[PDB]
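J.: please work out how this folds:
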Amino acid sequence: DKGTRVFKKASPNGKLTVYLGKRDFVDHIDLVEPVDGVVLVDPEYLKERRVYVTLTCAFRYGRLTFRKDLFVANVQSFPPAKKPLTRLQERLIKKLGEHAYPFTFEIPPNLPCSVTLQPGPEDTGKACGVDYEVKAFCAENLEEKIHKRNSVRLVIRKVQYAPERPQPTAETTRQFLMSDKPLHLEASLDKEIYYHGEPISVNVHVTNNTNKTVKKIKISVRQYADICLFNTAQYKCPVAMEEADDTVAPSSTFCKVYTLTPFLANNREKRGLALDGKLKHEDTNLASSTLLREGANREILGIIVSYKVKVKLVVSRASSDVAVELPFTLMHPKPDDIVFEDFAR
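T.: Residues are numbered from 1 along each chain as shown. Take a look:
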């Protein structure tokens with residue numbers, strides 16, 4: 001239940017506040033939910049000093065050791081210098097004061113989504129990510145040097161969403177182990193797109209024509225993360241794992257459907273892992289697979305996350321391994337009065 005929640009976060013001196021409809025904004029491949037906000041000022045404090053809002057999207061790396069704005073947009077909510085104005089904006093600006101003015105941002109569809117790479121605590125400096133910060137300040141011109149005091153910043157996320165477009169084709173392998181015939185293996189995934197929490201199922205089909213036998217099958221979801229800026233580097237990492245002692249006898253056919261569901265919740269103390277937020281905030285999940293809009297500069301994306309499901313067989317040969325991986329997309333789930341909460345982030 002409930003009715004419409006608004007997030008607020010006022011600058012230190014409190015003589016400036018900012019209200020947003022939400023903390024995360026969904027990217028729909030072609031269109032990104034707009035950033036519609038309100039900003040409570042105070043004519044007193046603001047003599048001839050105006051109030052601007054900025055939406056910056058920048059890749060960082062360090063703790064700083066490197067930054068890079070992939071995108072920046074500014075507005076001067078006040079003094080109100082077109083725009084048709086949001087539904088919530090109005091509704092809000094009214095029940096707020098005469099000293100409330102709106103600000104609106106549209107985020108370019110091809111921007112990298114919010115993602116941060118948790119590393120360390122040893123390699124603490126090799127940590128990075130792509131963040132979105134909405135900043136509202138009291139300056140005379142948006143070229144001036146900012147004051148922590150009379151300025152507030154909100155770290156909002158761009159989350160990637162992809163509607164289920166209802167193969168996905170299976171993957172195959174066939175090997176020989178001092179055998180006359182192969183150990184033809186092949187699995188496939190149910191959906192082609194899975195959301196966070198949504199559970200993956202892999203149909204494993206084994207046609208062992210070998211005289212050898214499979215001692216066990218290990219199913220896992222691996223998160224491959226690639227850093228593309230400031231420090232090229234590869235990150236493999238299992239985030240799901242089912243080790244079943246199911247066996248496949250000689251000249252026999254196996255076939256079973258395993259089910260894995262990758263939760264950050266488990267892997268909370270992993271080496272290099274891609275999250276879609278800070279490991280602190282209990283709304284952070286494993287970064288979503290990044291969209292590779294055919295013909296797009298990947299460097300500009302900072303981190304390229306992708307997931308695959310690996311099905312490994314442990315034949316006796318004592319111990320030999322046969323397997324195949326299955327690619328798949330991991331997306332972010334699809335979406336009275338007021339009720340104020342602290343942005344807190």
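J.: ok, which stretches of the stretch 51-200 of the chain are strands?
T.: Under the criterion DSSP state E, counting those that start in this stretch, strands of the stretch 51-200 of the chain are mapped to 67-78, 100-105, 115-118, 128-139, 151-160, 171-173, 185-189, 193-195, 200-208.
J.: out of the ones you listed, which gets nearest to residue 24?
T.: strand 151-160 (4.5 Å; CB to CB). From N, CA and C alone the C-beta is placed, and that goes for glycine too.
J.: who does the closest one touch, helix- and strand-wise?
T.: Based on contacts counted as 3 or more CB pairs under 8 Å, 6 or more residues apart in numbering; DSSP states H and E, the elements that strand 151-160 packs against are strand 5-10, strand 17-20, strand 24-27, strand 128-139.
J.: try it again at 6 Å.
T.: Contacts of strand 151-160 with other secondary structure elements, assessed using 3 or more CB pairs under 6 Å, 6 or more residues apart in numbering; DSSP states H and E, are made with strand 24-27, strand 128-139.
J.: next SSE downstream of whatever helix or strand residue 257 lives in?
T.: Counting by DSSP states H and E, the secondary-structure element that holds residue 257 is strand 256-260. Proceeding C-terminally, strand 256-260 gives way to strand 273-275 as the next helix or strand, assigned by DSSP H and E.
J.: now the strands of the stretch 51-200 of the chain in CSV, with mean neighbour count?
T.: Rendered in CSV, the data for the strands of the stretch 51-200 of the chain read as follows (neighbours: other CB atoms under 10 Å):
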stretch, mean neighbour count
strand 67-78, 16
strand 100-105, 21
strand 115-118, 24
strand 128-139, 22
strand 151-160, 22
strand 171-173, 16
strand 185-189, 22
strand 193-195, 20
strand 200-208, 20
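J.: could you dump those to TSV with distance to residue 15?
T.: Supplementary listing: these in TSV, determined by distance: least, CB to CB, whole Å:
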stretch	distance to residue 15
strand 67-78	13
strand 100-105	14
strand 115-118	31
strand 128-139	8
strand 151-160	10
strand 171-173	60
strand 185-189	54
strand 193-195	41
strand 200-208	50
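J.: among the ones you listed, which is nearest residue 226?
T.: When the strands of the stretch 51-200 of the chain are ranked by distance to residue 226, counting by CB to CB, first place goes to strand 115-118 at 10.1 Å.
J.: residue contacts, residue 30?
T.: Residue 30 sits next to residue 109 when contact means CB atoms under 6 Å, 6 or more residues apart in numbering.
J.: A strand includes it, no?
T.: No: counting by DSSP: H, G, I helix; E, B strand; the rest coil, one finds residue 30 to be coil, located in no strand.
J.: rewinding a little: give me the residues contacting the strand holding residue 257.
T.: The set of residues external to strand 256-260 that reach it, using CB under 6 Å, 6+ apart, is 199-204, 219, 221, 240, 242.
J.: also stretch 326-337?
T.: Looking at stretch 326-337 with CB under 6 Å, 6+ apart, the contacting residues turn out to be 3, 159-162, 171, 189, 193-195, 288-289, 307-309.
J.: from those, which two are the most distant?
T.: Within these, two members stand farthest from each other by CB to CB: 3 and 171, at 47.8 Å.
J.: in CSV: the contacts of strand 256-260, plus distance to residue 154.
T.: Compiled in CSV, the contacts of strand 256-260 are given as follows (distance: CB to CB, whole Å):
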residue, distance to residue 154
199, 33
200, 34
201, 38
202, 40
203, 44
204, 46
219, 40
221, 32
240, 33
242, 40
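J.: which one of these is nearest to residue 264?
T.: Each of those was checked against residue 264 using CB to CB; the closest is residue 240, at 11.1 Å.
J.: now do the SS call for the closest one.
T.: Residue 240 falls in the strand class when you classify it by three-state DSSP.
J.: list the contacts for it?
T.: In this structure, residue 240 makes contact with 220-221, 260, 262, judged by CB under 6 Å, 6+ apart.
J.: what about 8 Å?
T.: For residue 240, the contacting residues are 200, 219-221, 260-263, 266, by CB atoms under 8 Å, 6 or more residues apart in numbering.
J.: of the residues you listed, select the buried ones using a PyMOL command.
T.: Typed into PyMOL, the line below selects the buried ones among these, using 16 or more other CB atoms under 10 Å:
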select buried, resi 200+219+220+221+260+262
